[PDB]
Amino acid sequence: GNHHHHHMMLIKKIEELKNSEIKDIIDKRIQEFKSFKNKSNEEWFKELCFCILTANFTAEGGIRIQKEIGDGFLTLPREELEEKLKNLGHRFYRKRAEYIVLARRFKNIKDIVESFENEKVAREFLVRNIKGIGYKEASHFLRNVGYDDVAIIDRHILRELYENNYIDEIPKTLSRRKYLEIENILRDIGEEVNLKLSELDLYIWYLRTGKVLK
């Protein structure tokens, strides 16, 4: 048959979503990310912590841990933070509590991130200096605070890409080189549907779950 039928239908489905009320819902979420340009360093640091907590967890869970703790990401001592995370349901409370505390030396994360030439270079800094932050987490963070040209390459999109033959094998470990390589394929798909990577990510998640989170 036509080996490109599934790719062609994915493009068609996304164009269908863009012509539905789903577009307004996703656009609103995108606008909320963009609003971070006006939020404080403290607000940005909380989002960085949300992303540090995402791995092996739920966005919905992260959102509630955020609302629960809030200012505590900056004021709570190691021991007290580790305690709240354990009681809030996070299985890696110990490691995450440590990463968060260590990240505090960069608490003015908004000023640091905006000082860079662009988001790509800023991502490099996030990955290299902040423990608990890999390329996926850094991209997730940048997207959530308003940047549009970084892909969030999670284990689900990797499986979809592999299964539909966009990549030869599920990577497991993503080196900088491999991350940027896979990000470019997603970037091409995005342009094929006239969507930025920040937006494409939400359309893809919506197709997978019917929900629009962050």
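Note that residue numbering follows the sequence shown and begins at 1.
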Mind pulling up the entry and telling me whether 15-23 or 196-204 has the higher mean Cα temperature factor? 15-23
Going by the mean C-alpha B-factor recorded in the entry, which is higher: 173-181 or 141-149? 173-181
Highest-ranked of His156, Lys37, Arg64, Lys28 once sorted by CA temperature factor in the record: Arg64
Based on what the PDB entry reports, which of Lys110, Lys136, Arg128, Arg78 has the top C-alpha B-factor? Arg78
Ranked C-alpha temperature factor of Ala122 among modelled chain residues, by third: lowest
Going by what the PDB entry lists, where does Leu53 fall on CA B-factor within its chain: lowest, middle or highest third? middle
Split the chain's modelled residues into thirds by Cα B-factor; is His6 in the lowest, middle or highest one? highest
Ranked C-alpha temperature factor of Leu186 among modelled chain residues, by third: lowest
